[PDB]
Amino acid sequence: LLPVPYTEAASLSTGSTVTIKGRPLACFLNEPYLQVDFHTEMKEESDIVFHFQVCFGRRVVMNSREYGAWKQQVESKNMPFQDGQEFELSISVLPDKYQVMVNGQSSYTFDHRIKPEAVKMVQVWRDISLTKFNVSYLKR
């Protein structure tokens, strides 16, 4: 297991993929959360280019935090995550948006509000255990 909260310095651009494998720490009846934030600095209070928050079994909210203030969230009731199961998240940086795959299924997208090149850090936290975390760095 990787430590949670998990923080890794990161850079992103079109073609980058962030892969996360983990499991919720509670049954869905107890409403565990999962949060992935792409930050503009290593500091936890820095701006967030992409905030992804799952309330397992209930909903997902996505937003940005710019100059310290939250912007307009996008709320989804799509819920591909399965109660009591390990999940694999694959986040792709496409030219126009982030695409979130859950267990290989396209499940959410979020249009860029800030260039992905502004990201310097990724944090994964809340009610999960993690077994894998990777940011790909294969493209120019």
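One-based numbering along the sequence shown.
Comparing 81-89 with 49-57, the stretch with the higher mean C-alpha B-factor in the PDB entry is 81-89. Across 76, 72, 30, 99, the greatest Cα temperature factor reported in the deposited entry is at 72.
In this PDB entry, the Cα temperature factor of residue 115 sits in the top third of its chain's modelled residues, the highest group.
Among the modelled residues of its chain, residue 130 has a C-alpha B-factor that falls in the highest third, as given in the PDB entry. When the modelled residues of the chain are ordered by their C-alpha B factor, residue 44 lands in the highest third. Sort the modelled residues of the chain by CA B factor and residue 26 lands in the middle third. The deposited CA B-factor of residue 123 belongs to the lowest third of values across its chain.
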